[PDB]
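Below, in structure tokens: the form deposited in one PDB entry, a single chain.
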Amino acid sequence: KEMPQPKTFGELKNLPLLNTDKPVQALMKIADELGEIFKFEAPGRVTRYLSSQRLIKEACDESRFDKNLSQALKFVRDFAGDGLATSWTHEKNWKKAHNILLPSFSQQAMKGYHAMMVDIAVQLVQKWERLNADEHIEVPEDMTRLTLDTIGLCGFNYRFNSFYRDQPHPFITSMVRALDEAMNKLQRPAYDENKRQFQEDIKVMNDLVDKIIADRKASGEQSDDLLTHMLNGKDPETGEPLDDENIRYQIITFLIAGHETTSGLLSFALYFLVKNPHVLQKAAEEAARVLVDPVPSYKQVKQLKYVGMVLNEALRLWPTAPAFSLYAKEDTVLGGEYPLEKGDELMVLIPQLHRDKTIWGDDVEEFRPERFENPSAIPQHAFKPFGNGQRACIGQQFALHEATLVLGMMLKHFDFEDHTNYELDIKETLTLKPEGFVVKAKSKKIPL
């Protein structure tokens, strides 16, 4: 009835608790102490962090709760606009882009993106084949090169050529710095350079994306990318297409929402695999049995069943988009004891949800991909790495196809060594990643 709350700081209430370098991990420790729900107050803001499947299964009732833009998403909106991830459900452009973009993100549409994904994945494999002895791999750095390039190619047929670079393409530098400024605004006349740099980074992103859209319309060429689908698609409901400004925001959104979540997933999966050599061996055995051709086919990726469980278990422990926000559509009572008023906000703390011992058992911290043999045995709403309902991740099939393809090829082509006995250190941006995770790869000498 009375809702737990962590320690306060006078007038600032709970807010200084998030003035820390690892706020998600800080919130998980608070959840460890306070339980399934706690109130978090700041000046002009109240939200409630949910950690149990019991309460989150109610929060996922779309007749009772809708997606809220967290403060993070509101700051990302300044450059993602009314793209899918930073628009309200009630904004006309959300349902429009949702209806238009859903068929180009289907499992069936991944057949058409597969060749481009293979293109970047082969570049990653070739980079590792070309390392000299006792050189090593910087895992999140290379995974981020892979996912950024893959989304650039599948999104708007543009090659960032990240594997030809130390310093990323200017668009990426601006995007990364823009996200950083957005995240720095949370824990926040000396900011004049930050704002000037922020407007400057927005213009870099807008200019490049608007140019490619204009170039594509001028040329009239048709590609197998999201940009072509968006130039030609019409919303069945309104009968309208997306305008060029929103198409730009969707492209920027794909790059923001997709690249770091997906690269963090690959990075966490490889980390858990090298820390669990029996699991790695099982995944590598599947990769060798299934990937019989020099280039994986779309059909073979779907056959990487255990690799898929590996990725789901990595998403269980470290969901790389670690929270989402909801608001009550009407007055309602949560869990039979917490009354909420219309508009009241909730935060779903996904990594805590995925450690609910009433759901997963006492070994919640162990990496066991076998937990995902049967999705029917998993209770409703216990596993939410891609969000919920009509506001769930539209790029889920994309991300899992990319991650399964790349992890499969990595496991086919290399043995991995945790040569530093790497100590897990999770860096927090808007996503989570194992900072400083490094491995050595010894090639199995299998040609491409």
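One-based numbering along the sequence shown. Rigid core: the largest C-alpha set superposing within 1.5 Å between the two forms.
Per the record, residue 188 and residue 189 are separated by 4 to 9 deposited residues that are missing from the model. Looking at mean Cα B-factors across 337-345 and 141-149, the upper value is held by 337-345. Per-stretch averaging of Cα B factors for 359-367 and 121-129 places 359-367 on top. For the set 159, 305, 216, 354, the PDB entry puts the maximum C-alpha B factor at 216. Looking only at 233, 264, 83, 322, the residue with the top Cα B factor in the deposited structure is 233.
Ranked by C-alpha B-factor against the other modelled residues of its chain, residue 436 falls in the middle third. Among all modelled residues in this chain, the alpha-carbon of residue 282 has a temperature factor (C-alpha) in the middle third. Sorting the modelled residues of the chain by their CA temperature factor places residue 251 in the lowest third. Among all modelled residues in this chain, the alpha-carbon of residue 300 has a temperature factor (C-alpha) in the middle third.
The PDB entry assigns residue 99 a C-alpha temperature factor belonging to the lowest third of its chain's modelled residues.
The form deposited in another entry exists for this protein as well; it is not shown, and the discussion that follows is about that form.
After superposition on the rigid core, the C-alpha displacement between the shown form and the other one reaches 2 Å or more for just one residue among 148, 182, 137, 321, namely 182.
Positional change of residue 335 between the shown form and the other one stays under 2 Å at the C-alpha, relative to the superposed core. Relative to the superposed rigid core, residue 110 undergoes a CA displacement smaller than 2 Å between the shown form and the other one. Residue 241 shows a C-alpha shift below 2 Å between the shown form and the other one [criterion: core-superposed Cα displacement of 2 Å]. The Cα-Cα distance between residue 179 and residue 395 is lengthened by 3 Å or more in the other form relative to the form shown here.
Annotation for the pair residue 19/residue 176: C-alpha atoms approach each other in the other form, by 3 Å or more compared with this form.
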